[PDB]
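Here are two versions of the same chain, shown separately as C-alpha cells and labelled structure 1 and structure 2.
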Structure 1
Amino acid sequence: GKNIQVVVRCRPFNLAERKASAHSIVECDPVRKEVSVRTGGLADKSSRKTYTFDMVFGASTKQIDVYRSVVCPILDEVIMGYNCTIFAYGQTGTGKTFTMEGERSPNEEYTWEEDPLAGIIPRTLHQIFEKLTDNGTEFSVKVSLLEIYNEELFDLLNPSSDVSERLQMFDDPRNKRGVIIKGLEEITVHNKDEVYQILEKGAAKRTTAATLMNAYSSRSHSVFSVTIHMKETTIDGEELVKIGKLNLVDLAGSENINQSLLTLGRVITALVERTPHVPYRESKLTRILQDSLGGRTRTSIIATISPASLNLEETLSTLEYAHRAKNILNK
C-alpha cells in the first residue's frame, strides 16, 4: 500500500569538534535526496558510498525545517482520523532526542512555545491546539509516555508511582495487532498552557530512572503517544467524529543486550525479504508497535548520523539499516 518513508538527518559539529578543525566525512544533497560518505582517505582523492532516501537533511537543518517538511504532513493525516508513527534511529550522540524532543535555548531566552530548539513532540502538541481551536472542532487530547528498559515497561507520566514499578503487558482480546498495558496512565491535556508542565513532569521522572538504571538514556526506548478525539461540525452542520493517534518513538542507541532493538532489526528483515513469519512477539517494542511495522499505520523513520570521521563505522551501519527499511510496505 505505502512504503515506509525514511529520512536522514546529519547533525553539525559541536564546539569540541569545531576547535579541533574536524573534517566532515558526510555530504548531504537534499535536492537529490542523497547522502554521501567518505569511507576512507581524504578530500584530495578518495572512495565514497552513497545512499538515496525519501528526504535528506544536512547539518544546517533547523528544527522548524524538520517540522514543516516531515511532521506537518503526518500530523494532518492524524487529524484526518488515522494512526501514524515516527521513529528516530541512530547511534548515541547523533541527535535522536534533539530531533524528537529538542531542548531549551540557554539563559531563558524564549518561552517554550517560541524556542527554536524545540523538537517534534512540543511542536506537535502546540500545533494540535493551534489548528483545532482555530476551526470549528470539538476535541480532546490525551498523552502517554511509555519507556522500555531491559524488556521492562515504565510509565513516565504517572505522578503516583515511581520508576521502580514496572507495568504488565497483555494481548488485546479485541484487536489482534495490539496489546493492553495495564496501569499505563493517559493524561488529558486540557489546553496548550498545560503542555509544558506535563512534559516537564516526564523529564523529572526520567531523571530518577537514570539514577536507578545503567545508561538509561542510551539503552531505553521511549514511546510518546498523543491521541486526539475530535467531533468536527462543518459550517454546514454535518458532524464528523474521528480519532487519530501519533506515536513518536526515540529508540535506544544503535551502536554495537537490547532485545527490542535486535528484534526490530529482525522484524524489518523479515518484512523486506517477504518472509511469512515476522518475529513481532520476540520483544516488547515490536509487540507494542506491531501495527507500525507492516501494519495499517503510516510510518516514518528519521535516521540520525554524525559527520565525524570517528563515527564512520556506525554512520555506515545506520545508513545501510535505514536504506533497507525503505522496502517495508504498510496499508
Structure 2
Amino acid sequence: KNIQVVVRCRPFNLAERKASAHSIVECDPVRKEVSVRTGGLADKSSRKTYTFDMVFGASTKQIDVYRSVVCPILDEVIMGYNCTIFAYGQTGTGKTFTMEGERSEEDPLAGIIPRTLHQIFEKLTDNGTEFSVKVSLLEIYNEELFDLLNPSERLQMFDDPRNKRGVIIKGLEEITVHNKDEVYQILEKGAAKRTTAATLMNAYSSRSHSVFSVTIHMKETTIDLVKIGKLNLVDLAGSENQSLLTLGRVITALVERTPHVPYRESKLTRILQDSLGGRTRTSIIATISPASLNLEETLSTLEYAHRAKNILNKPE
C-alpha cells in the first residue's frame, strides 16, 4: 500500500533507569507486532497488541530503518513524484534521531536526511542523469512558518495558481546542494537558527514541526525524460496540537479513500497537500519508549498510528 505506518522503539534512556521504570513493550519484527503490558508481569492477558507494516525494536540500526522505509520512497521520488516521511511520537522517543541522526562512508548514527542526500548524489551520478538538488528547512511553531536556512521573521503562504493542491511560501530559502557532504553544513546552519528561535521566540524544537524538503530536477537521456522529484522529511512536534489530529484525519481519509480529505484545516497538511494527494508513497514512523514511565504516551502514539491505518492483529 502507498501509506506505510511503522513503529520504532528506542532503547531505555538514563531518566527511565533512574526512575526504576520497567520494560512494558515487546517488538516482534517478524509478526510486525508491538505489545504493551498495561498490567502486572504475571498478567500476560493485560497486553495490548498492535500490528503495523513494520516494527523496529530498540536494537534497530539507522541503516536498517533507511533501507526498509526510505529506499522504496526515494525510488518513487527519483521517478519524478512528491513523497513525505513523518516522524511522530513523544518528545525524547527519537523523531529527530530517526529523521536527522547524529555525528559524535556514512556515520552509522546518520538519520534519514543525510542518508537521503548521500543516496540522491550516488544514484543520479551512477546512472549519468543530469540533475540539480535544492533543500528548504522551515519550522511551524504556533501556526507560524520560520525559515531555518535564511542567513538573514515569519513566511507568507498563498495558493499556487499553477496547482490547486500547491502553495507558494514566499521568500523560502532553497539552498542548492553541490556535493553529498554539504547537507551537514546546511543542517548545522538550520540548528543554529533553530536555537536562536528557541532563545528569542520560545520556538522549542520539541513543540515545533520541522519540514525538510529536497527537490531534484532530473533530465535522463538514452540513445534509441524531464523529471521533478520532491521528498518532504517531517520531524513533528512532540505528540504529548489540532494540527496532529488534522494530519491523523488526512492520513485515515487517504488509507480508507474517502471523498473529503481536510488538507485545509491545518498549515502542516496544507503545505504537504501536493506531496499527499497524488497516489504517492507516504510513510509515518511512530517512535515510542519501552519504559513503564511513558505507558500513557506510548499507548497514545500506538492508538494514533492504528487510527491512521487500521491493520488487524493476525491469529498467533
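Rigid core (definition): largest C-alpha set, two forms, superposition within 1.5 Å. Only residues modelled in both forms are compared. Reference numbering: structure 1, starting with residue 1.
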Original post:
Core fitted between structure 1 and structure 2: which of 56, 70, 37, 271 shows a C-alpha shift of 2 angstroms or more?
Top reply: 271
Original post:
Relative to the superposed rigid core, does the CA atom of residue 16 travel 2 Å or more between structure 1 and structure 2?
Top reply: yes
**OP:** Kindly check if the Cα atom of residue 132 is displaced 2 angstroms or more between structure 1 and structure 2 relative to the superposed rigid core.
**Re:** no
Original post:
Do you see a C-alpha shift of 2 Å or more at residue 187 between structure 1 and structure 2, with the core held fixed?
Top reply: no
**OP:** Fit the two forms on their core, then tell me the C-alpha shift of residue 178 between structure 1 and structure 2 in angstrom.
**Re:** 1.9
Subject >> Shift in Å of the residue 214 Cα between structure 1 and structure 2 [rigid core superposition] >> reply: 2.6
Original post:
Moving stretches between structure 1 and structure 2 on a rigid-core fit: which runs of at least three residues all have C-alpha shifts of 2 Å or more?
Top reply: 14 to 23, 43 to 46, 193 to 195, 213 to 215, 234 to 236, 258 to 283, 290 to 298, 327 to 331
